[PDB]
Amino acid sequence: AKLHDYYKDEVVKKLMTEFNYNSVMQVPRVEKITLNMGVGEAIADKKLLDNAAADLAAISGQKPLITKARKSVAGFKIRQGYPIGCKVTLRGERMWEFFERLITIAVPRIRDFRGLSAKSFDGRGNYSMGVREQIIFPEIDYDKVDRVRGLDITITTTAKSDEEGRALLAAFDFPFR
Amino acid sequence: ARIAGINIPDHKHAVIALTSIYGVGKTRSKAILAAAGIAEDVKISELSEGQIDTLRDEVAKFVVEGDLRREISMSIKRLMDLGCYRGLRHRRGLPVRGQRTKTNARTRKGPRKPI
Amino acid sequence: XXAXXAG
Amino acid sequence: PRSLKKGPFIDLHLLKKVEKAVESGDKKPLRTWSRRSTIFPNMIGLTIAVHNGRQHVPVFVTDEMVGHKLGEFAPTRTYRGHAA
Amino acid sequence: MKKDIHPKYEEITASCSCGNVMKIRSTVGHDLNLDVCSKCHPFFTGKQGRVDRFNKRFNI
RNA sequence: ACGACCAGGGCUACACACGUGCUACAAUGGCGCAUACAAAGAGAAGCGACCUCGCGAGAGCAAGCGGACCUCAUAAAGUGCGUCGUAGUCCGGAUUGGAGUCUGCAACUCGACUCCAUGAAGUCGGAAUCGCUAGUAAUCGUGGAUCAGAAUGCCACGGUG
RNA sequence: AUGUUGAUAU
RNA sequence: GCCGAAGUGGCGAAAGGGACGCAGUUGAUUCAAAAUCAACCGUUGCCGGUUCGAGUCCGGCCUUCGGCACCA
RNA sequence: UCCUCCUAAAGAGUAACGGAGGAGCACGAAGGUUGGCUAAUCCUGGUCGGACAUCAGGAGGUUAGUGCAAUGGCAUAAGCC
Ligand SMILES: [K+]
Ligand SMILES: [Mg+2]
Ligand SMILES: [Mg+2]
Ligand SMILES: [Mg+2]
Ligand SMILES: [Mg+2]
Ligand SMILES: [Mg+2]
Ligand SMILES: [Mg+2]
Ligand SMILES: [Mg+2]
Ligand SMILES: [Mg+2]
Ligand SMILES: [Mg+2]
Ligand SMILES: [Mg+2]
Ligand SMILES: [Mg+2]
Ligand SMILES: [Mg+2]
Ligand SMILES: [Mg+2]
Ligand SMILES: [Mg+2]
Ligand SMILES: [Mg+2]
Ligand SMILES: [Mg+2]
Ligand SMILES: [Mg+2]
Ligand SMILES: [Mg+2]
Ligand SMILES: [Zn+2]
């Protein structure tokens, strides 16, 4: 809610002024934040997937969805419908709380943080970033890590351009290099 | 127990625990602790939160971890881009400090690859 | 043999 | 490395040739044998053709080369792999 | 939210070394004690020459 | 010119194979603090104390000594106490980065040493193979020749045994 | 038990 | 002209998600060579399919081998 | 023997030692119904992650899918949960 309140009170006014929008509905909102773990090694052992899910659950606060292979792929030795990943979709209050926890805590705790890339937009105002270790989230205990395990965050936006996209995140002081 | 963006060991004496920081050896580890005013035999587990914070301030006086790693990486990249002798040695993966390559030099050359 | 000795 | 109290080393023949070269302008390269001479700031810009044993290798002196010896930019041994 | 599938997710304090107290919701269970936060981290705060070297060491 | 002089390079190269060594893989050990007991030897373009400065390699100043006198020069293993607790580690110290010192017209190719950082392989070694019968083997330091500088080699010396 | 061979001239 | 086998390491020859001999290479043993010992190295004729995936299944092609070519 | 296409001359049927392929099953769900859902492929961004895994968005519009050949069907899906 902190950053949701900050969005409504402060960010909307910045983006209105910046882009000279007619309507307030023309301002970029943050739609959702999808955390994904590709757990391709789980073909060997399903316990790793369970542990991966448990980590993503701790980070997010939601029980994750176990994703599965859209098709068989011989390169990675996966058949169709084999569980090879897991995701959480964060929307609303939980999204904003996570987005706080990411910016204020987790991103600082990245090893050798020199800003996030500003060229990591899809072309349609959505931002994606790799987390390389689950240690950056304090929710994970450092002691009980079986394997070091990253996840990809994606912040989906109602921004049309990347300029609108980056401006929105920049208004939250999203740490861009 | 978390200093310089790493989790240092808790059960170890502080002198040893600090050396887990990249850029901190035995001599610095002693200077850090002596500046912070912590006895070397103290286990990091036994320290209070304020004592950890003083150590973080003391460690911050030294170029460590990613600051150091990029200093080193730059210093090597500098040489390789110059095309100085040491540069060429770094590129080819051969001893840089004038050691013999007729024999030994396996640390640089890696395991032997037969003809 | 050896195509033609004592070493 | 050479003591700081002694200062840098350069051949007096090299020094004067460089001093003259800077005074005139960036001319045809300075053909030296003085591989042992330190590269000075005033050499920056000059091409110094340094002996490697058999030929004078052109070295265009940049900022990053300052402090190095001229010999560092003229390799003496030829090697292109075994069985190549 | 569904009932009794999710992690227990409740407000906890997170006091940084710099002194930034927070009140995040989290799964962790207890109050955190952070080493670094957004308000004090080098990048966020913004607290991150051979010819010069030559002139210093020798000074002719 | 197959003679002679010179500068720079090379003898230090490196897919690789072998010989001889050094250092290890640790707890009969590592580290810290304290404290015992040698022999033999060298020294004037030399050995260099004390004192002062430097974390240190060293630097400055300057006695003494051609030596049973002065100097190199604290022997180390040991012993006492503490710590580590079997870990690729407080084992190992390769490699590399940065910063230096000294010798020398000159340390790039290609010196030794110091400081900070780095912290590789290695957990006792396949077939095979070597030395040694006693103050020996094993292990521990010490000195010397060559030498401006440059030993893990060589030649020698005692300690434990 | 078994257990081969040793280039030419000198 | 027809019809069955096949084509795999250097050689011979085994096997819908590449081993065995010999050879070769390195080391050892020997005064030396062999024998021997210890390591190691190589890896699916061709083309197009089927398939998530082909040495492996399908079709065609090339090369080799075998058999059949009779009644007149 | 059986199935699909073509020969087959725009109804049906139609021969050859004509041209091409398949079957001799599977499934207690892969059947019934209710409710829901929509494909291939490529592009852009994204930890490990690569041409191709999982994630996000875009383009695209069934070029997918159909327990197994081919043909005719299939979005109100007959396709997916
Ligand atoms: K014979
Ligand atoms: Mg060190
Ligand atoms: Mg050398
Ligand atoms: Mg000469
Ligand atoms: Mg030699
Ligand atoms: Mg040690
Ligand atoms: Mg001497
Ligand atoms: Mg004497
Ligand atoms: Mg190992
Ligand atoms: Mg051990
Ligand atoms: Mg005897
Ligand atoms: Mg000795
Ligand atoms: Mg001498
Ligand atoms: Mg005979
Ligand atoms: Mg008809
Ligand atoms: Mg008709
Ligand atoms: Mg009829
Ligand atoms: Mg329905
Ligand atoms: Mg149905
Ligand atoms: Zn803070």
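In what follows, chains are A, B, ... by sequence order, proteins preceding strands, each numbered from 1.
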| What nucleic acid atoms does B:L94 come within less than 4.0 Å of, heavy atoms only: base, sugar-phosphate, or nothing? | sugar-phosphate
| message | Just to be sure I understand the rule, does D:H68 reach a base, reach only the sugar-phosphate, or reach nothing, if contact means heavy atoms closer than 4.0 Å? | response | nothing
| query | When the P atoms of F:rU83 and F:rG54 are considered, how many whole Å apart are they? | reply | 35 Å
| said: Closer than 3.5 angstrom, by distance alone: can the side chain of B:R56 be matched with the main-chain N or O of E:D35 as a donor-acceptor pair? | reply: no
| request: Please answer whether the main-chain N or O of A:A58 pairs with a side-chain N or O of E:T27 as donor and acceptor at a distance below 3.5 Å. | output: yes
| message | Quick check: any donor-acceptor pair below 3.5 Å linking the side-chain of D:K6 to the base of F:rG104? | response | yes
| query | Please give, in whole Å, the distance from F:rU95 P to B:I76 CD1? | reply | 15 Å
| message | Side chain of B:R86 only, heavy atoms from C-beta on: which candidate in F:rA106, I:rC48, F:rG98 is closest? | response | F:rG98
| note | Taking for A:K87 and for A:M37 the nucleotide of RNA chain I with the nearest heavy atom, the one nearer the 5' end belongs to A:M37
| request: When you get a sec, tell me which of F:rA99, I:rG46, I:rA40 is the closest nucleotide to the side chain of A:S128? | output: I:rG46
| said: Under 4.0 Å, heavy atoms only, any strand: does A:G40 hit a base, just the sugar-phosphate, or nothing? | reply: base
| said: Could you tell me if A:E164 and A:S161 have a donor-acceptor pair between their side chains, going purely by distance under 3.5 Å? | reply: yes
| query | With sugar-phosphate meaning primed atoms plus P, OP1 and OP2, does D:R36 contact a base, only sugar-phosphate, or nothing at under 4.0 Å between heavy atoms? | reply | base
| note | Writing each nucleotide of RNA chain H 5' to 3' as (, ), [, ], | or . by Watson-Crick or G-U pairing under 3.5 Å yields (((((((..(((....[..))).(((((..|||..)))))....(((((..]....))))))))))))....
| request: Run the numbers on B:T54 and B:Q51 for side chain to side chain donor-acceptor pair (under 3.5 Å), then give the verdict. | output: CA-CA 5 Å; B:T54 51; B:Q51 288 178 300; over 6 Å; no
| message | Closest approach to the side chain of A:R124, judged atom by atom: which nucleotide of F:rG10, I:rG58, I:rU47 is it? | response | I:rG58
| request: Look at the aromatic rings of E:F43 and A:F113 and report parallel, tilted or perpendicular, splitting at 30° and 60°. | output: perpendicular
| request: Could you check how far CG of D:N52 sits from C1' of F:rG8, rounded to whole Å? | output: 9 Å
| request: Consider the side chain of B:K102, meaning its heavy atoms from C-beta on, and name the nucleotide among I:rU54, F:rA13, F:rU95 that approaches it most closely. | output: F:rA13
| query | Side chain of A:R149, backbone of A:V145: donor and acceptor closer than 3.5 Å? | reply | no
| Of all pairs that satisfy salt bridge (charged side-chain N to carboxylate O under 4.0 Å, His left out), the ones with a partner from residues 95-119 of chain A, not counting sequence neighbours | A:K2-A:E100, A:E97-E:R25, A:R101-A:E139, A:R111-A:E133, A:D112-B:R70, A:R114-B:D67
| Separation of atom NZ in D:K5 from atom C1' in F:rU103, rounded to whole Å | 10 Å
| Considering only the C1' atoms, how many Å lie between F:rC84 and F:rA26, rounded to the nearest integer? | 12 Å
| query | Any N or O donor-acceptor pair linking the side chain of B:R112 to the base of F:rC16 at under 3.5 Å? | reply | no
| remark: Nearest-nucleotide check on RNA chain F, B:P95 vs D:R2; residue mapping nearer the 5' end is B:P95
| message | Would A:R166 pass as a cation-pi partner of A:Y127, given that its NZ or CZ must be under 6.0 Å from the six-membered ring centre and within 45 degrees of the axis? | response | no
| message | Positive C1'-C2'-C3'-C4' counts as north, negative as south. Which one applies to I:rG24? | response | south
| message | Using the six-membered base ring of I:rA53, report whether A:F76 stacks on it, requiring centroids under 5.5 Å and planes under 30° apart. | response | yes
| If you measure from the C1' atom in F:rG98 to the same atom in F:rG158, how many Å do you get, rounded? | 43 Å
| Shortest side-chain distance from D:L4, nucleotide among F:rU12, F:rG97, F:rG100 | F:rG100
| request: Establish, from distance only, whether the side-chain atoms of D:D11 and D:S34 form a donor-acceptor pair under 3.5 Å. | output: yes
| task | Pick base, sugar-phosphate or nothing for D:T78, based on heavy-atom distances below 4.0 Å to the nucleic acid. | result | nothing
| Within the modelled atom types, does a donor on one side and an acceptor on the other bring the side chain of B:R97 and the base of F:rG97 under 3.5 Å apart? | yes
| field | Any donor-acceptor N/O pair under 3.5 Å between I:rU54 base and A:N36 side chain | value | yes
| To the nearest Å, how far apart are A:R79 CZ and H:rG17 P? | 12 Å
| query | Taking atom types as they are modelled, is there a donor-acceptor pair under 3.5 Å from the base of F:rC14 to the side chain of D:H82? | reply | yes
| query | What's the closest nucleotide to the A:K71 side chain, out of F:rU101, I:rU41, F:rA120? | reply | I:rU41
| Pick one for F:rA77: is it syn, with its angle within 90° of 0, or anti? | anti
| task | Classify the glycosidic conformation of I:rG50 as syn or anti, calling it syn when the angle lies within 90° of 0. | result | syn
| query | Which one, I:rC55, I:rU54, F:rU101, comes nearest to the side chain of A:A69? | reply | I:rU54
| request: In whole angstrom, give me the gap between the P atoms of F:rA27 and F:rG144. | output: 37 Å
| said: Tell me whether the rings of A:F174 and A:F99 are parallel (<30°), tilted (30 to 60°) or perpendicular (>60°). | reply: parallel
